[PDB]
């Protein structure tokens, strides 16, 4: 389906204009970046045996995904600010996020997200394990503090939520429990969540995990496999629009749902205030 749609989109500008015609209006963007140690080896097949966070003259998958998403959504972001957080490094493990800048100051445009990402990366100690509860909870706080303005949270990660050793017997890990609880609680706010998978994964159990999230007032969550889309045999500019559309085409209907449910522009009043850690850098 997304392939069939993207065949007719030759540029990200075309995608942006389509999002607008589909009803997307003022829209804010939050970015969360996975700094787990697994990034060192999840590029075995997908990134020529280099770390997914490897910095060079060519953009790694994080930089690629940020660029495509940022360029597609830039026109809708009236103040051009992008709250950006890391998680999964040694300073946060699966418990916290850190802000890209001290005092939680937001990036000014996706270009600054990219620049600051490159500044931060070599200074980090990569760790784990993997939970998306802290980053989703951070996004909830930002939405609440904005007085209910519509946000899209884009999480870019190289693995599924950490599973229980006893997953085969139907048991959930604390990471899974908290992450699912956060996705559900997030649906009480005007917030859309996009989990972008980069690297080798594996990702086969992710879309099953997504399918089994408890029923919510609106479908506020999607998984998109960047690796799989980019590994396809077609034009790069077409793979890029297919990724953009796969990630974002569901955003305008979700936005419309936040209006229908009257979530837009109001405070929920029951959102714990998560505090981001400072960036663990010089």
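Residue numbers count along the first chain shown, from 1.
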Of 37-45 and 226-234, the one with larger mean CA B-factor: 226-234
Of 67-75 and 133-141, the one with larger mean CA B-factor: 67-75
Options 104, 148, 88, 197 - largest CA temperature factor per the record: 104
Out of 94, 181, 158, 111, residue topping the C-alpha B-factor column of the entry: 111
Residue 210 - which third its CA temperature factor falls in, relative to the rest of the chain: highest
Chain-wide C-alpha B factor ranking for residue 115, given as lowest, middle or highest third: highest
Residue 31 - which third its CA temperature factor falls in, relative to the rest of the chain: lowest
Chain third (lowest, middle, highest) by recorded CA B-factor, residue given as residue 83: lowest
Chain thirds of CA B-factor: placement of residue 188: middle
